[PDB]
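One structure below.
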Amino acid sequence: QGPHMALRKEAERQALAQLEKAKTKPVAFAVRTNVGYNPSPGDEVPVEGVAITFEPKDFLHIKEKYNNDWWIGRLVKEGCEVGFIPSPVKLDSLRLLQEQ
Amino acid sequence: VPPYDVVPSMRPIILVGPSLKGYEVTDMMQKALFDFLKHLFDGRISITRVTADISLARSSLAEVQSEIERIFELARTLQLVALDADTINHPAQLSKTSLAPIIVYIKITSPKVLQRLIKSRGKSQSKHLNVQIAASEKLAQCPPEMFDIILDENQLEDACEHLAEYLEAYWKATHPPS
Amino acid sequence: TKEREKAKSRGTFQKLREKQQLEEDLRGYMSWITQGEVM
């Protein structure tokens, strides 16, 4: 409610400012994906709407590391911008919640 | 099973599949292709000459990995990387490391023309007739969708219209506008 | 037309298609040489 919206909405804009301030940062390390993933509404996404999706065997030029559950980086594709890359421990967290 | 693998930020460009390398036939066909990409993308490419077999991670581990980490250095400044590798003759030959290079597959559209190329190289390559056609067949046995860039064009400009435009479509994929 | 028909259905199409392809594959093979040795 009103006491829950004071801290949850001030985290979305603070993670959006970190997302805007990483597009000009140089590419640190790129990864090769093995499985497929698309963003969902319950994935604890920091800025709801700006997450990216990858299928099996895609490439992700990771710019920086936002937290322990989301990386910041872009898709290797014409016109694609930065986005929220799920970490391997976030990909470890998402499958075990499908069982519990 | 790890889902993410540490690959370079700019994939190294490699050429393979005309036939077996280590001959006057296959290498001198590729040497014409290294000349085109040297001056067309001059200032935004890093072209090297590869010596040690990088399909091993013969040479030890240290002499190969110090050359793999040199490819890791050539991806830091966000420019194109090109490899003159002399023993690469298979798609899955470079499937086990953490590089994932660009598999430009030179396609000879007719197998009979290769052994006419062989008799044009004198009698030095005429002693090596059927041994080149083995991996010329085996690369033709490999599926073309497993590769990256296919060149079936006899003339210079038509193999080079693909060789420039595909990586120019790949450069704009890696690099976003401001 | 009838005469053309007796030739082309017998074997004469592949005599002019191969050697026009085996020439344009020859010049592509010799362009891979002449840039190589040249450069």
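Labels used: A, B, ... for chains in the order of the structure tokens, numbers from 1 for residues in each chain, and numbers from 1 for ligands as shown.
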If we count only C-alpha atoms, which residues of chain B reach to within 7 Å of chain A? Please list them as a JSON list (two decimals) with C-alpha atoms, in the first residue's frame.
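This is the output file selection.json:
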[["chain", "number", "residue", "atom", "x", "y", "z"],
["B", 3, "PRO", "CA", 24.34, -21.85, -19.23],
["B", 4, "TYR", "CA", 26.83, -19.02, -19.96],
["B", 5, "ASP", "CA", 30.33, -19.40, -21.42],
["B", 6, "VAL", "CA", 32.99, -16.68, -21.44],
["B", 7, "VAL", "CA", 33.42, -15.85, -25.14],
["B", 8, "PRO", "CA", 35.21, -12.80, -26.63],
["B", 9, "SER", "CA", 33.19, -9.63, -27.18],
["B", 172, "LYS", "CA", 26.05, -2.85, -36.73],
["B", 173, "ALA", "CA", 24.62, -5.75, -34.73],
["B", 174, "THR", "CA", 27.44, -5.51, -32.18],
["B", 176, "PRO", "CA", 24.51, 0.34, -31.32]]
Within 10 Å of chain C, which residues of chain B come that close, and what is the closest atom pair and distance in Å for each? Count only C-alpha atoms and give it as CSV.
residue,atom,partner,partner_atom,distance
B:24,CA,C:33,CA,9.5
B:25,CA,C:33,CA,8.5
B:26,CA,C:32,CA,9.4
B:27,CA,C:36,CA,8.6
B:28,CA,C:36,CA,5.1
B:29,CA,C:32,CA,4.5
B:30,CA,C:32,CA,7.4
B:31,CA,C:36,CA,5.2
B:32,CA,C:36,CA,4.6
B:33,CA,C:32,CA,8.0
B:34,CA,C:36,CA,9.1
B:35,CA,C:39,CA,7.0
B:36,CA,C:35,CA,9.4
B:108,CA,C:25,CA,8.6
B:109,CA,C:25,CA,8.3
B:110,CA,C:25,CA,8.1
B:112,CA,C:22,CA,9.0
B:113,CA,C:22,CA,7.1
B:114,CA,C:29,CA,8.5
B:116,CA,C:26,CA,8.6
B:117,CA,C:29,CA,7.0
B:120,CA,C:30,CA,9.5
B:121,CA,C:33,CA,9.9
B:152,CA,C:25,CA,9.7
B:153,CA,C:28,CA,7.3
B:154,CA,C:28,CA,3.6
B:155,CA,C:28,CA,4.6
B:156,CA,C:31,CA,6.5
B:158,CA,C:28,CA,9.9
B:159,CA,C:28,CA,9.5
Find the spatial neighbours of residue 14 in chain A, counting only C-alpha atoms, within a cut-off of 9 Å - ignore same-chain residues fewer than 5 positions away - and output them as an MDAnalysis selection string. chainID A and resid 9 19 47
Dump N, CA and C atoms for the selected residues as a compact mmCIF listing (two decimals), in the first residue's frame?
# COMPACT_ATOMS: atom_id res chain seq x y z
N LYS A 9 8.91 2.08 -5.50
CA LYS A 9 8.94 2.95 -6.67
C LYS A 9 10.20 3.80 -6.75
N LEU A 19 20.59 1.87 -15.45
CA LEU A 19 20.43 1.26 -16.77
C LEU A 19 20.76 2.26 -17.88
N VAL A 47 13.45 -2.86 -13.18
CA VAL A 47 12.67 -1.90 -13.95
C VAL A 47 11.73 -2.73 -14.82
Where in chain A does DSSP assign helix (DSSP H, G or I), given as a PDB file with N, CA, C and O atoms, in the first residue's frame?
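File part20.pdb, as written:
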ATOM      1  N   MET A   5       4.830   1.553  -1.198  1.00  0.00           N
ATOM      2  CA  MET A   5       5.144   2.249  -2.438  1.00  0.00           C
ATOM      3  C   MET A   5       6.216   3.318  -2.275  1.00  0.00           C
ATOM      4  O   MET A   5       6.672   3.874  -3.282  1.00  0.00           O
ATOM      5  N   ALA A   6       6.633   3.621  -1.042  1.00  0.00           N
ATOM      6  CA  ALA A   6       7.657   4.640  -0.834  1.00  0.00           C
ATOM      7  C   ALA A   6       9.048   4.123  -1.189  1.00  0.00           C
ATOM      8  O   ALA A   6       9.902   4.891  -1.643  1.00  0.00           O
ATOM      9  N   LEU A   7       9.291   2.827  -0.989  1.00  0.00           N
ATOM     10  CA  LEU A   7      10.593   2.238  -1.272  1.00  0.00           C
ATOM     11  C   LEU A   7      10.620   1.424  -2.557  1.00  0.00           C
ATOM     12  O   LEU A   7      11.697   1.264  -3.142  1.00  0.00           O
ATOM     13  N   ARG A   8       9.474   0.907  -3.009  1.00  0.00           N
ATOM     14  CA  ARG A   8       9.458   0.071  -4.207  1.00  0.00           C
ATOM     15  C   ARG A   8       9.515   0.895  -5.487  1.00  0.00           C
ATOM     16  O   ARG A   8      10.114   0.452  -6.475  1.00  0.00           O
ATOM     17  N   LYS A   9       8.915   2.083  -5.496  1.00  0.00           N
ATOM     18  CA  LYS A   9       8.943   2.947  -6.668  1.00  0.00           C
ATOM     19  C   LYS A   9      10.202   3.797  -6.753  1.00  0.00           C
ATOM     20  O   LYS A   9      10.554   4.249  -7.846  1.00  0.00           O
ATOM     21  N   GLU A  10      10.885   4.030  -5.632  1.00  0.00           N
ATOM     22  CA  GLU A  10      12.169   4.718  -5.648  1.00  0.00           C
ATOM     23  C   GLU A  10      13.332   3.779  -5.949  1.00  0.00           C
ATOM     24  O   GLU A  10      14.469   4.245  -6.076  1.00  0.00           O
ATOM     25  N   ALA A  11      13.075   2.473  -6.050  1.00  0.00           N
ATOM     26  CA  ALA A  11      14.064   1.518  -6.519  1.00  0.00           C
ATOM     27  C   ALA A  11      13.985   1.299  -8.021  1.00  0.00           C
ATOM     28  O   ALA A  11      14.990   0.937  -8.643  1.00  0.00           O
ATOM     29  N   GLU A  12      12.809   1.514  -8.613  1.00  0.00           N
ATOM     30  CA  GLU A  12      12.658   1.332 -10.052  1.00  0.00           C
ATOM     31  C   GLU A  12      13.332   2.465 -10.821  1.00  0.00           C
ATOM     32  O   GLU A  12      13.955   2.232 -11.864  1.00  0.00           O
ATOM     33  N   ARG A  13      13.227   3.698 -10.317  1.00  0.00           N
ATOM     34  CA  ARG A  13      13.881   4.827 -10.972  1.00  0.00           C
ATOM     35  C   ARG A  13      15.382   4.829 -10.720  1.00  0.00           C
ATOM     36  O   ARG A  13      16.149   5.289 -11.575  1.00  0.00           O
ATOM     37  N   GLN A  14      15.821   4.322  -9.566  1.00  0.00           N
ATOM     38  CA  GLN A  14      17.254   4.248  -9.289  1.00  0.00           C
ATOM     39  C   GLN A  14      17.929   3.157 -10.115  1.00  0.00           C
ATOM     40  O   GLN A  14      19.089   3.311 -10.515  1.00  0.00           O
ATOM     41  N   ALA A  15      17.223   2.056 -10.381  1.00  0.00           N
ATOM     42  CA  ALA A  15      17.731   1.035 -11.286  1.00  0.00           C
ATOM     43  C   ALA A  15      17.571   1.428 -12.747  1.00  0.00           C
ATOM     44  O   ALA A  15      18.252   0.862 -13.606  1.00  0.00           O
ATOM     45  N   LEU A  16      16.677   2.375 -13.049  1.00  0.00           N
ATOM     46  CA  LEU A  16      16.571   2.906 -14.405  1.00  0.00           C
ATOM     47  C   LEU A  16      17.697   3.883 -14.709  1.00  0.00           C
ATOM     48  O   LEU A  16      18.174   3.943 -15.846  1.00  0.00           O
ATOM     49  N   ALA A  17      18.135   4.644 -13.702  1.00  0.00           N
ATOM     50  CA  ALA A  17      19.266   5.547 -13.891  1.00  0.00           C
ATOM     51  C   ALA A  17      20.575   4.781 -14.058  1.00  0.00           C
ATOM     52  O   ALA A  17      21.447   5.206 -14.826  1.00  0.00           O
ATOM     53  N   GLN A  18      20.723   3.653 -13.355  1.00  0.00           N
ATOM     54  CA  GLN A  18      21.867   2.772 -13.577  1.00  0.00           C
ATOM     55  C   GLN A  18      21.798   2.120 -14.955  1.00  0.00           C
ATOM     56  O   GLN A  18      22.839   1.859 -15.570  1.00  0.00           O
ATOM     57  N   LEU A  19      20.588   1.865 -15.455  1.00  0.00           N
ATOM     58  CA  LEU A  19      20.425   1.264 -16.772  1.00  0.00           C
ATOM     59  C   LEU A  19      20.759   2.256 -17.883  1.00  0.00           C
ATOM     60  O   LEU A  19      21.307   1.871 -18.921  1.00  0.00           O
ATOM     61  N   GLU A  20      20.434   3.534 -17.679  1.00  0.00           N
ATOM     62  CA  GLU A  20      20.772   4.552 -18.667  1.00  0.00           C
ATOM     63  C   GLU A  20      22.253   4.904 -18.642  1.00  0.00           C
ATOM     64  O   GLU A  20      22.804   5.330 -19.663  1.00  0.00           O
ATOM     65  N   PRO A  88      23.609 -16.397 -13.962  1.00  0.00           N
ATOM     66  CA  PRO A  88      23.469 -17.857 -13.800  1.00  0.00           C
ATOM     67  C   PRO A  88      22.940 -18.291 -12.442  1.00  0.00           C
ATOM     68  O   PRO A  88      22.336 -19.366 -12.343  1.00  0.00           O
ATOM     69  N   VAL A  89      23.137 -17.493 -11.392  1.00  0.00           N
ATOM     70  CA  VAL A  89      22.505 -17.814 -10.118  1.00  0.00           C
ATOM     71  C   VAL A  89      21.058 -17.324 -10.088  1.00  0.00           C
ATOM     72  O   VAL A  89      20.247 -17.839  -9.308  1.00  0.00           O
ATOM     73  N   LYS A  90      20.701 -16.361 -10.946  1.00  0.00           N
ATOM     74  CA  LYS A  90      19.292 -16.051 -11.175  1.00  0.00           C
ATOM     75  C   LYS A  90      18.628 -17.118 -12.029  1.00  0.00           C
ATOM     76  O   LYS A  90      17.461 -17.462 -11.801  1.00  0.00           O
ATOM     77  N   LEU A  91      19.360 -17.660 -13.007  1.00  0.00           N
ATOM     78  CA  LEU A  91      18.881 -18.823 -13.744  1.00  0.00           C
ATOM     79  C   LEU A  91      18.892 -20.078 -12.885  1.00  0.00           C
ATOM     80  O   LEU A  91      18.170 -21.033 -13.193  1.00  0.00           O
ATOM     81  N   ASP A  92      19.697 -20.103 -11.822  1.00  0.00           N
ATOM     82  CA  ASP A  92      19.588 -21.160 -10.822  1.00  0.00           C
ATOM     83  C   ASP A  92      18.411 -20.924  -9.879  1.00  0.00           C
ATOM     84  O   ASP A  92      17.845 -21.887  -9.353  1.00  0.00           O
ATOM     85  N   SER A  93      18.027 -19.669  -9.655  1.00  0.00           N
ATOM     86  CA  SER A  93      16.919 -19.395  -8.755  1.00  0.00           C
ATOM     87  C   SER A  93      15.560 -19.618  -9.409  1.00  0.00           C
ATOM     88  O   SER A  93      14.602 -19.990  -8.725  1.00  0.00           O
ATOM     89  N   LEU A  94      15.461 -19.407 -10.728  1.00  0.00           N
ATOM     90  CA  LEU A  94      14.164 -19.465 -11.399  1.00  0.00           C
ATOM     91  C   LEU A  94      13.652 -20.893 -11.569  1.00  0.00           C
ATOM     92  O   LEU A  94      12.438 -21.112 -11.544  1.00  0.00           O
ATOM     93  N   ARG A  95      14.551 -21.865 -11.729  1.00  0.00           N
ATOM     94  CA  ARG A  95      14.117 -23.240 -11.960  1.00  0.00           C
ATOM     95  C   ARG A  95      13.688 -23.924 -10.664  1.00  0.00           C
ATOM     96  O   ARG A  95      12.746 -24.723 -10.662  1.00  0.00           O
ATOM     97  N   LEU A  96      14.357 -23.617  -9.551  1.00  0.00           N
ATOM     98  CA  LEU A  96      13.992 -24.226  -8.273  1.00  0.00           C
ATOM     99  C   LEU A  96      12.694 -23.661  -7.707  1.00  0.00           C
ATOM    100  O   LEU A  96      12.062 -24.322  -6.874  1.00  0.00           O
TER     101      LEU A  96
END
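Going from CA of residue 79 in chain B to CA of residue 94 in chain B covers 21.2 Å.
With distances taken over only C-alpha atoms, B:118 is the one residue among B:118, B:78, B:92, B:57 lying closest to residue 19 in chain B.
The two atoms in question, CA of residue 39 in chain B and CA of residue 157 in chain B, are spaced 14.6 Å apart.
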Strand (DSSP E) positions in chain A, given as a PyMOL selection string: chain A and resi 29-33+59-65+70-75+82-86
